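1. Based on what follows, work out the 3D shape:
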Amino acid sequence: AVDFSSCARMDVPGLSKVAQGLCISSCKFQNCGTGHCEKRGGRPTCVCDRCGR
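-> Residues are numbered from 1 along each chain as shown. Provided below are the atomic coordinates:
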């Protein structure tokens, strides 16, 4: 929906990069789901949505 930011806070230990790398690739395999780290108060969520070109 918004291709500009993606865990650019650098607040997490650092694994968030690999955790999203897999969440994105895995959910991308379907070609209709992009993995995004939706975190706010410390709740890292793995949302997958990328259907429709």
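
2. Could you pull out the strands in the chain for me?
-> 35-38, 45-48 (DSSP state E).

3. Can you spell out which helices and strands pack onto the first one?
-> Of the remaining helices and strands, those touching strand 35-38 by 3 or more C-beta pairs under 8 Å, 6 or more residues apart in numbering; DSSP states H and E are helix 16-28, strand 45-48. To be clear about C-beta, it is placed using only N, CA and C from the backbone, and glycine gets the same treatment.

4. Turn these into JSON lines, columns for mean neighbour count and distance to residue 3.
-> Formatted as JSON lines, the helices and strands packed on strand 35-38 follow (neighbours: other C-beta atoms under 10 Å; distance: least, C-beta to C-beta, whole Å):
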{"stretch": "helix 16-28", "mean neighbour count": "15", "distance to residue 3": "12"}
{"stretch": "strand 45-48", "mean neighbour count": "14", "distance to residue 3": "14"}
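
5. before we move on, back to that, same list, the strands of the chain, but as TSV with distance to residue 5 please.
-> Below are those laid out as TSV (distance: least, C-beta to C-beta, whole Å):
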stretch	distance to residue 5
strand 35-38	9
strand 45-48	13
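
6. gap between stretch 36-47 and the chain center?
-> Remark: stretch 36-47 is offset 8 Å from the chain centroid, using C-alpha atoms, centre = their mean, to the nearest Å.

7. May I see the buried residues of that stretch?
-> 36-37, 46 (16 or more other C-beta atoms under 10 Å).

8. Please identify which of those residues is nearest to residue 26.
-> Nearest to residue 26 out of the buried residues of stretch 36-47 is residue 46 (C-beta to C-beta; 9.1 Å).

9. So for the closest one, what's the nearest residue that isn't a sequence neighbour?
-> residue 23 (4.3 Å; C-beta to C-beta, 6 or more residues apart in numbering).

10. How about the residue nearest the centre of the chain, nearest residue that isn't a chain neighbour?
-> When C-alpha atoms, centre = their mean is applied to the chain, the residue found nearest the centroid is residue 36 (1.9 Å). In space, and not counting its chain neighbours, residue 36 is closest to residue 47: 4.9 Å by C-beta to C-beta, 6+ apart.

11. mind listing what that neighbour touches?
-> Applying C-beta atoms under 8 Å, 6 or more residues apart in numbering to residue 47 gives the contacts 35-36, 38.
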